[PDB]
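**Q** Provided hereafter are the protein sequence and its experimental coordinates.
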Amino acid sequence: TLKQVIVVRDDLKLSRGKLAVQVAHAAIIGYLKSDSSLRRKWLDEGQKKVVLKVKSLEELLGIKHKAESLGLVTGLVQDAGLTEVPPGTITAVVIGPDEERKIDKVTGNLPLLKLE
Amino acid sequence: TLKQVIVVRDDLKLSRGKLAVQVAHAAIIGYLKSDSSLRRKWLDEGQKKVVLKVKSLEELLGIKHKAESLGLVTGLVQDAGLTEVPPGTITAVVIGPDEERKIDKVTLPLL
């Protein structure tokens, strides 16, 4: 089973609508950086995703590092459209799509991002 | 400037964390259905997006109808993995990316 994991920071003064935008950026970035075969199988399986959150940049990057150490494809989200944060600000990280069991070893215990 | 719009429904109550998932699904769907050249430029511009919410399914489909009348690419989001709701349930609609001047026209009360 394949899955794409998106992790966003909540420690930024971003509204629910702005966070949702960052989630959408992450989804696309992850798809674009993934293998053609992998992402095709992902789409056919329903492009499963889980969106989680962290409370700091260090925790966000810690997750990214761990995923990269395992060999997973990662992506960073830096939105120049955000005018209240300094340039280069990292709002989220994407992992996969890839094998769910492998990605879960990294983010299997993180809380869900609740925009509802 | 190019932009992609994603609209969700507040008359649809989803489980914890599911809303963010549907939004991500919409982004992908819109990207895939869009013109290769147009989306490429969109990405280079910073893949600008806006996420909105409407009253219910009727307003959501109304936006889809209006966008289609303007020649904008639209997509419906139906998540088979969302067993919490009946199959075929429309969770969102994605429009674009396309010229923000055109899509801004398709954008009734919001949120």
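**A** Now that the structure is in, tell me what you want to look at. Numbers count the residues shown, from 1 in each chain, chains lettered A, B, ... in the order given.
**Q** Tell me the helices and strands packed up against the helix or strand where residue A:61 lies.
**A** Assessed by DSSP states H and E, residue A:61 sits inside helix A:57-70. Packing contacts for helix A:57-70, counted by 3 or more C-beta pairs under 8 Å, 6 or more residues apart in numbering or on different chains; DSSP states H and E, involve strand A:2-9, strand A:74-77, strand A:92-99, helix A:100-107. C-betas here are computed from N, CA, C, even on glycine.
**Q** Establish whether the top helix by length along chain A and chain B are in contact.
**A** Ranked by residue count under DSSP state H, the longest helix found in chain A is helix A:16-33. Yes - judged by C-beta under 8 Å from any C-beta of the partner chain, helix A:16-33 and chain B are in contact via A:17, A:19-21, A:23-28, A:31-32.
**Q** Who are the packing partners of that helix?
**A** Looks like helix A:16-33 contacts strand A:2-9, strand A:74-77, strand A:92-99, strand B:2-9, helix B:18-33, strand B:49-54 (3+ C-beta pairs under 8 Å, 6+ apart).
**Q** Who are the contact partners of the closest residue to chain B within chain A?
**A** For chain A, the residue closest to chain B is residue A:112, as judged by C-beta to the nearest C-beta, at 3.2 Å. The neighbourhood of residue A:112, defined by C-beta atoms under 8 Å, 6 or more residues apart in numbering or on different chains, consists of A:50-53, B:16-17, B:20.
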